[PDB]
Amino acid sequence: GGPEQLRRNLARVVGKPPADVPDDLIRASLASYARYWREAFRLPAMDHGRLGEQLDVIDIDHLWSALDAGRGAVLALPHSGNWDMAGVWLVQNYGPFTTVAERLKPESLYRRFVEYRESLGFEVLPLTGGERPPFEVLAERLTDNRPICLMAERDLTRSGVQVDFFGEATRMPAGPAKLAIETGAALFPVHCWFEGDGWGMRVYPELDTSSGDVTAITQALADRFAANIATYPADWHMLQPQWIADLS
């Protein structure tokens, strides 16, 4: 990917040709992208207790009430803001939670990322090469009334769910919907962004899972993801291709 790509993606968000995306927006998005990596470097060494105390989550009671009901919960969020910081907040305010991560190449790099996230207090299951299938483990967490977190706006594989996203076709992962259907767990959209020199985080009302249609649910997730991103366009650092048309 790159920043030329990032321009093509922001173009969808604001409904303008790539050339007309406001310069101020591109700068802030690039600044935001840099900030994530800058924070990732030092995050493991910060005072996690302090961060948990000083950062807030809007409408966190949504999550708490699902957990009071014994239902478990799926936190689905886009690549906006600093999701790693949100994870630290949850470890401190709730406890360890489970997630999954793509097994990058090289293997030395995958382990590095695992060590990183493990040092933040997450359980990260490999999508491949683990003892068991990841989405069985996730389901057990949900059935024990625990939260899992999933990055949920990108999955450009055969198995990704085809959805409309800012008026154009993309594919998103099916996991959040599958798990909610399977476990009865609440499916909460989440958004993270940068609010000045700090971090914004919000939980939104759980999604309607009545249809039992993985497609309708995932599309409803996208509709929300799209709305929030339209609200915080600069905080969504997507440098890789997102929409199908931008692919090989």
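So that there is no doubt, residue numbering starts at 1 and follows the sequence shown.
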> Do the CA atoms of 72-80 or those of 130-138 have the higher mean B-factor in the entry?
Replying inline: 130-138
> So which stretch wins on mean C-alpha B-factor, 107-115 or 145-153?
Replying inline: 107-115
> Highest CA temperature factor in the entry: which of 53, 213, 208, 47?
Replying inline: 47
>> By the CA temperature factor listed in this entry, which of these ranks top: 179, 66, 220, 40?
In response: 40
> Going by the entry, which third of its chain does the Cα temperature factor of residue 15 land in?
Replying inline: highest
> So where's residue 122 on the chain's Cα temperature factor ranking, which third?
Replying inline: highest
> Relative to the other modelled residues in the chain, which third contains the C-alpha temperature factor of residue 101: lowest, middle or highest?
Replying inline: highest
> Against its chain's modelled residues, does residue 245's Cα B factor rank lowest, middle or highest third?
Replying inline: middle
> When the modelled residues of the chain are sorted by Cα temperature factor, does residue 92 land in the lowest, middle or highest third?
Replying inline: lowest
